[PDB]
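Going line by line, the protein sequences match chains B and A.
Quick note on numbering: the entry's author numbering labels position 24 of the first sequence as 24, and the sequence is numbered without any gaps.
Quick note on numbering: the entry's author numbering labels position 33 of the second sequence as 33, and the sequence is numbered without any gaps.
Report on the following structure.
Protein chains: 2
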Amino acid sequence: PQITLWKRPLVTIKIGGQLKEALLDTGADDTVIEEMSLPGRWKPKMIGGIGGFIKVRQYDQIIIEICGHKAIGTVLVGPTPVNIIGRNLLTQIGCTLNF
Amino acid sequence: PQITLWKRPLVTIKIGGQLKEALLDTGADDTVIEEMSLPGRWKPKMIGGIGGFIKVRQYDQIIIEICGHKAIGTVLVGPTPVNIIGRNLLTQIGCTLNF
Ligand SMILES: Cc1cccc(C)c1OCC(=O)N[C@@H](Cc1ccccc1)[C@@H](O)C(=O)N1CSC(C)(C)[C@H]1C(=O)N[C@H]1c2ccccc2C[C@H]1O
Numbered sequence: 001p002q003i004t005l006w007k008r009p010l011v012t013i014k015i016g017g018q019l020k021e022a023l024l025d026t027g028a029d030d031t032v033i034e035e036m037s038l039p040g041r042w043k044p045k046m047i048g049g050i051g052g053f054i055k056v057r058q059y060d061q062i063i064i065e066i067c068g069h070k071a072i073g074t075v076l077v078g079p080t081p082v083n084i085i086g087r088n089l090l091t092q093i094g095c096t097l098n099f
Numbered sequence: 001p002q003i004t005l006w007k008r009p010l011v012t013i014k015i016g017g018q019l020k021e022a023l024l025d026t027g028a029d030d031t032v033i034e035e036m037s038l039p040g041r042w043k044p045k046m047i048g049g050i051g052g053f054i055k056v057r058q059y060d061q062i063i064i065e066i067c068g069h070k071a072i073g074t075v076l077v078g079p080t081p082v083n084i085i086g087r088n089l090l091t092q093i094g095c096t097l098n099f
C-alpha cells in the first residue's frame with residue numbers, strides 16, 4: 001500500500017492472536033505496544049521520547065502481522081501513549097518513505 | 001527520493017535562515033524544533049508522547065525547506081530532544097509511506 005499522512009497512519013496489527021490498532025512511526029527506533037501478555041523472557045530497556053524516558057519490557061522474536069504483512073522481531077511492552085510500529089519492523093515489511 | 005528505514009531518516013532543513021538536521025517522523029502530528037527565533041505571533045501549546053508532555057511555542061505560517069521542497073505550516077519551538085518534521089509538513093512535500 002501507499003499511505004498518505006493527512007491523518008495518523010493507523011493500521012491493524014495482529015499479535016497474540018488479537019487484532020489491535022498501531023501507528024506506523026518512522027520516528028520510533030523500535031516497536032512499542034501497550035501492556036499485554038507475551039511469551040518468553042524479557043529484558044529491560046529504557047526509551048526516550050518527546051516528554052522524557054520510560055521503562056519497557058523487551059521481548060524478542062515475537063510473531064506480529066502489520067497490515068497483513070508477517071514480521072517476527074522485537075516488541076517492547078510498556079506505558080506508550082499509542083501502539084507504535086517502529087523502524088525495526090517497518091524494515092521487515094519493506095516500508096519506505098517516498099516523495 | 002526513496003528513504004529506507006535501516007537508520008533514522010534524518011534530513012537537512014532550512015528554517016528561519018538556519019540549517020538544522022531533523023527527523024522525518026510519521027508519528028508526529030506536528031513539527032517541533034529546538035530553541036530558535038521565528039517571526040510573528042505565537043501561542044503556548046503542550047505536546048505529548050513517550051515520557052509525557054513538553055511546553056512549546058506555536059508559530060504559524062512558517063516557511064521551511066526540506067530536500068529542495070518548500071512548504072509552509074505551523075512550527076513548534078521548544079525543548080524537544082530531536083528536531084522533528086511531523087505530518088503537517090510531510091504532507092506538503094508529498095511524503096508517503098510505501099510497502
Ligand atoms: C528512540 C526510541 C528508541 C526505542 C524505541 C522507541 C519507540 C524510540 O522512539 C521514542 C519516541 O518517542 N520517538 C518519537 C520521535 C522522538 C525520538 C526521540 C526523542 C523525541 C521524539 C516518535 O516515535 C514519535 O513521534 N512518537 C512516539 S509516541 C507518539 C505519540 C506516537 C509520537 C509523538 O511523540 N507524537 C507527538 C509529537 C511529536 C512532535 C511534535 C508534535 C507531537 C504531537 C504528538 O503527535
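C-beta atoms are modelled at their ideal positions from N, C-alpha and C, and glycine is treated no differently.
Residues bridged to residue i (per DSSP)
i: B:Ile13; result: B:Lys20 and B:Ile66
i: A:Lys43; result: A:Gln58
i: residue 102 of chain B; result: Any question about residue 102 of chain B goes unanswered here, given that chain B covers just 1 to 99.
i: A:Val77; result: A:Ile33 and A:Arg57
Residue of the options minimising C-alpha distance to residue i
i: A:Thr74; options: A:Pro1, A:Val56 and A:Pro81; result: A:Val56
i: B:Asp29; options: B:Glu21, B:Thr12 and B:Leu89; result: B:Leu89
i: A:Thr26; options: B:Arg87, B:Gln61 and B:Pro1; result: B:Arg87
i: B:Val11; options: B:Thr91, B:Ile84, B:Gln92 and B:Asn98; result: B:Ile84
i: A:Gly16; options: A:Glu34, A:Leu38, A:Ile93 and A:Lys7; result: A:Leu38
i: A:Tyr59; options: A:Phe99, A:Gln92, A:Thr91 and A:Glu35; result: A:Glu35
i: A:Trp42; options: A:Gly78, A:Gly68 and A:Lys7; result: A:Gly78
CB contact flag (residue i, residue j, <7 Å)
i: A:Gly51; j: B:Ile54; result: yes
i: A:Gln18; j: B:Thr96; result: no
i: A:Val32; j: A:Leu5; result: no
i: B:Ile62; j: A:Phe99; result: no
i: B:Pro44; j: B:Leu24; result: no
Same chain, Cβ closer than 6 Å to residue i, neighbours up to 5 away in sequence not counted
i: A:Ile13; result: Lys20, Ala22, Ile64 and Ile66
i: A:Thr91; result: none
i: B:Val82; result: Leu23
8 Å Cβ shell around residue i - same chain, five flanking residues per side excluded
i: A:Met46; result: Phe53, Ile54, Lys55 and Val56
i: A:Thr80; result: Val32, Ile33, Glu34, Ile54 and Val56
i: residue 143 of chain A; result: Nothing about residue 143 of chain A can be reported from this structure: the residues present for chain A run from 1 to 99 only.
i: B:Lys7; result: none
i: A:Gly68; result: none
Cut-off 7 Å between Cβ atoms - residues of its own chain near residue i, not counting five sequence neighbours on either side
i: B:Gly40; result: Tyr59
Contact set between the stretch 78-90 of chain B and chain A, restricted to residues whose Cβ is under 8 Å from the partner: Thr80, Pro81, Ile84, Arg87 and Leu90
Residues from the stretch 3-33 of chain A in contact with chain B, defined by Cβ distance under 9 Å: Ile3, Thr4, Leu5, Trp6, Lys7, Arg8, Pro9, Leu23, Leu24, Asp25, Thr26, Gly27, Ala28, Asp29 and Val32
Members of the stretch 51-68 of chain A that neighbour chain B once the beta carbon cut-off is set at 7 Å: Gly51, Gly52, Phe53 and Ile54
Contacting positions in the stretch 38-50 of chain A - beta carbon closer than 7 Å to chain B: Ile47, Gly48, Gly49 and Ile50
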